[PDB]
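Q: My sequence and its experimental structure, below.
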Amino acid sequence: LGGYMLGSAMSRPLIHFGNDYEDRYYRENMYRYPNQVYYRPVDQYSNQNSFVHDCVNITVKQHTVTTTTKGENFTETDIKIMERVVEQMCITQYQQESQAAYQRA
């Protein structure tokens, strides 16, 4: 991910758990953990969460393996709220990227 194409900036699509702390965890996990992912622009595969959750196997990394250990509290909850959002928006930006390829076409 020395390059990649930062998978847009979704500003958090609001994933809302209707929680106090785990919600908030995600709501801060929009900053500590981002609302954008690390991947290059795709529209040449079938599976989404494959390439997508992989882009987060990049993103959540950079954002939880140093970006979190900078004084954040990441628990199993953080993993999900973060991977889940960052993944499903990498997925959102997968279908977006797909059609973005249609726009650049």
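A: Noted; the coordinates are in hand. Numbering: from 1, shown residues only.
Q: Show me where the chain has its strands.
A: 5-6, 38-39 (DSSP state E).
Q: Enumerate every residue touching the residue most central in space within the chain.
A: The centre of the chain sits closest to residue 86, judged by Cα atoms, centre = their mean, with a distance of 1.7 Å. Residue 86 is in contact with 33, 34, 35, 36, 37, 56, 59, 60, 63, counting by Cβ atoms under 8 Å, 6 or more residues apart in numbering. All C-beta spots, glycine's among them, are computed from the backbone N, C-alpha and C.
Q: Quick check: of those residues, which lies closest to residue 7?
A: Nearest to residue 7 out of those is residue 37 (Cβ to Cβ; 3.7 Å).
Q: pretty sure the closest one contacts residue 53?
A: No: between residue 37 and residue 53 there is no contact under Cβ atoms under 8 Å: 9.7 Å.
Q: Contact partners for residue 39?
A: With contact taken as Cβ under 8 Å, 6+ apart, residue 39 is in contact with 4, 5, 7, 51, 52, 54, 55, 58, 90.
Q: If you count neighbours, what's buried in the longest helix along the chain?
A: Counting by DSSP state H, the longest helix found in the chain is helix 76-103. Neighbour-count burial for helix 76-103 flags 77-78, 80-94, 96-97, 100 (criterion: 16 or more other Cβ atoms under 10 Å).
Q: Restricted to helices, list the contacts of residue 39.
A: Those of these lying in helices (DSSP H): 51, 52, 54, 55, 58, 90.
Q: what number of residues lie near the third one?
A: To tie it back to what came earlier, the one meant is residue 54. Residues within reach of residue 54, counting by other Cβ atoms under 10 Å, total 16.
Q: Please apply the same query to the second one.
A: As a burial measure, the neighbour count of residue 52 was computed by other Cβ under 10 Å and equals 26.
Q: List the contacts of it.
A: 37, 39, 87, 88, 90, 91, 94.
Q: Nothing else from me, thank you.
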